[PDB]
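Student:
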Amino acid sequence: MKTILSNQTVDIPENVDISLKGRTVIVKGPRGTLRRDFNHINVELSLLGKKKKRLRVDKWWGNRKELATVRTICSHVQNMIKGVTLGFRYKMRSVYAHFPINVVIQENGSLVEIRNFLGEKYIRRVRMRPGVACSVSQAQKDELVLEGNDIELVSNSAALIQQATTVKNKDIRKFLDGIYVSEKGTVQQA
RNA sequence: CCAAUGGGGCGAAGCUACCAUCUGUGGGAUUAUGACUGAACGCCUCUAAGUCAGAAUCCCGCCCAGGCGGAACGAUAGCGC
Ligand SMILES: [Mg+2]
Ligand SMILES: [Mg+2]
Ligand SMILES: [Mg+2]
Ligand SMILES: [Mg+2]
Ligand SMILES: [Mg+2]
Ligand SMILES: [Mg+2]
Numbered sequence: 100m101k102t103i104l105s106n107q108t109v110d111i112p113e114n115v116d117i118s119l120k121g122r123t124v125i126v127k128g129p130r131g132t133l134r135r136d137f138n139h140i141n142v143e144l145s146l147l148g149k150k151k152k153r154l155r156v157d158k159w160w161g162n163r164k165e166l167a168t169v170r171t172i173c174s175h176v177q178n179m180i181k182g183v184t185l186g187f188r189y190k191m192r193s194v195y196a197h198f199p200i201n202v203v204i205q206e207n208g209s210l211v212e213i214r215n216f217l218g219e220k221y222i223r224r225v226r227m228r229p230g231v232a233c234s235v236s237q238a239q240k241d242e243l244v245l246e247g248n249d250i251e252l253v254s255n256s257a258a259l260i261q262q263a264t265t266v267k268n269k270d271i272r273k274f275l276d277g278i279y280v281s282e283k284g285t286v287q288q289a
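Going from the first sequence to this note's numbering is simple: count from 1 and add 99.
(1) Fully enclosed by the region 171–237, which beta strand (DSSP E) runs are 3 residues long or longer?
(2) Please classify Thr184 as buried or exposed, where buried requires at least 16 neighbouring CB atoms within 10 angstroms.
(3) Can you say whether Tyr221 is buried or exposed, counting buried as having 16 or more other CB atoms within 10 angstroms of its CB?
(4) For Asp270, collect the residues of the same chain with a Cβ closer than 7 Å to its Cβ; drop the 5 residues on either side in sequence, then sort them by chain order.
(5) Between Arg122, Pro129, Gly148, which lies nearest to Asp136 when the distance is taken from Cα to Cα?
(6) Which residue comes first and which comes last in the alpha helix (DSSP H) that contains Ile260?
(7) Judging by CA-CA distance, which residue of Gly161, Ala238, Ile204 is the nearest neighbour of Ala232?
(8) Compare the beta carbon distance of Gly186 and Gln287 with 7 Å and say whether it is the shorter of the two.
(9) Quick check on this structure: which residue in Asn141, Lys151, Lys240 has the alpha carbon closest to the alpha carbon of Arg192?
(10) On a Cα-Cα basis, can you pick out the residue from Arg188, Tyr195, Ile111 that is closest to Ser174?
(11) With distances taken Cα to Cα, identify the nearest neighbour of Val225 among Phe216, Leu210, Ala238.
(12) Could you have a look at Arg122 and say whether DSSP puts it in helix, strand or coil?
(13) Assess contact between the region 249–260 and the region 155–169, defined as three or more Cβ pairs (one per stretch) separated by less than 8 Å. Is contact present?
(14) How should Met100 be labelled, buried or exposed, when 16 other C-beta atoms within 10 angstroms of its C-beta is the threshold for buried?
(15) Give me the Cα-Cα distance between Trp159 and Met179, rounded to the nearest whole angstrom.
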């Protein structure tokens, strides 16, 4: 079955300016700008109102798979609003039974060195995605804080570190060592 | 000198032996898999749209040949313009 119309709307905070170049969404906020291209989805984007702006997503004559893309766009656009206003802050804890995991931040938070992971002599060097900054946590021991405006870049950056410290040829239910994503917050709490 | 290389010792050059010696190499997309964001299904979800890492595999490189396939350049005798 094709549905005549399926739509959803997004509310834009006053401090965020959204402009459309076709299906390219440009969100400008206090923390910067994010541009995402949605040309791989056949939807219709509309900006409504002037005082309280809104973004509308329309899908005319959509089957089940095409209808599922309508909310996906809204959620991405909301994350972009969240990124440019509050930012994204993933925290990671390093877990170890015997060998402390030493983390050194280089290149202004764009490179992470991991040493002595399960006692390995090999040094792991993880490169953060552009626009993502890693830093050791002054508040807690054995913790990292990744910050950025793009949720996917920040969360991909953290996945790289988490998968860098993988245990091999052991029972990973026993050998639990590794750095893991422990919290998903925002840079500015508001 | 002859004995169809008379026999035997040592033996140049050449050839030749893991029986001596030397040299044997880099990327790309990715598989399995593990994940990101994320609906579908207000939650969840590696998947649906989008995204990441990924290998004796695969393709290429390096290497071997070099097409009824080209190229630049030289010189061109009764011959070119
Ligand atoms: Mg064992
Ligand atoms: Mg005789
Ligand atoms: Mg001899
Ligand atoms: Mg590769
Ligand atoms: Mg996959
Ligand atoms: Mg890849």
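Note that the Cβ used here is the ideal one computed from N, Cα and C, for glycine as well.
Tutor: Result, derived from the coordinates:
(1) Listed in chain order, the complete beta strand (DSSP E) runs (minimum 3 residues) inside the region 171–237 are 187–194, 201–205, 210–214, 223–226, 231–235.
(2) With 16 or more other Cβ atoms from the protein chains shown falling within 10 Å of its own Cβ, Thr184 counts as buried.
(3) Under this definition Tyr221 is an exposed residue.
(4) When the five nearest sequence neighbours on each side are left out, no beta carbon in the same chain lies closer than 7 Å to the beta carbon of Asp270.
(5) The residue among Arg122, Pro129, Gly148 with its C-alpha nearest the C-alpha of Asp136 is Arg122.
(6) Start and end: 250–263.
(7) Nearest to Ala232 by alpha-carbon distance, out of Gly161, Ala238, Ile204, is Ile204.
(8) A contact, by the Cβ cut-off of 7 Å.
(9) Per the Cα distances, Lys240.
(10) For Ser174, the closest C-alpha among the options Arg188, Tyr195, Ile111 is that of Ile111.
(11) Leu210 is the residue among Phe216, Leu210, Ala238 whose C-alpha sits nearest the C-alpha of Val225.
(12) Three-state DSSP puts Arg122 in coil, outside helix and strand.
(13) By the Cβ rule, the region 249–260 does not count as touching the region 155–169, because fewer than three pairs are nearer than 8 Å.
(14) Classification of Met100: exposed, given that the 10 Å Cβ count is below 16.
(15) Between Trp159 and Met179, the C-alpha separation is close to 25 Å.
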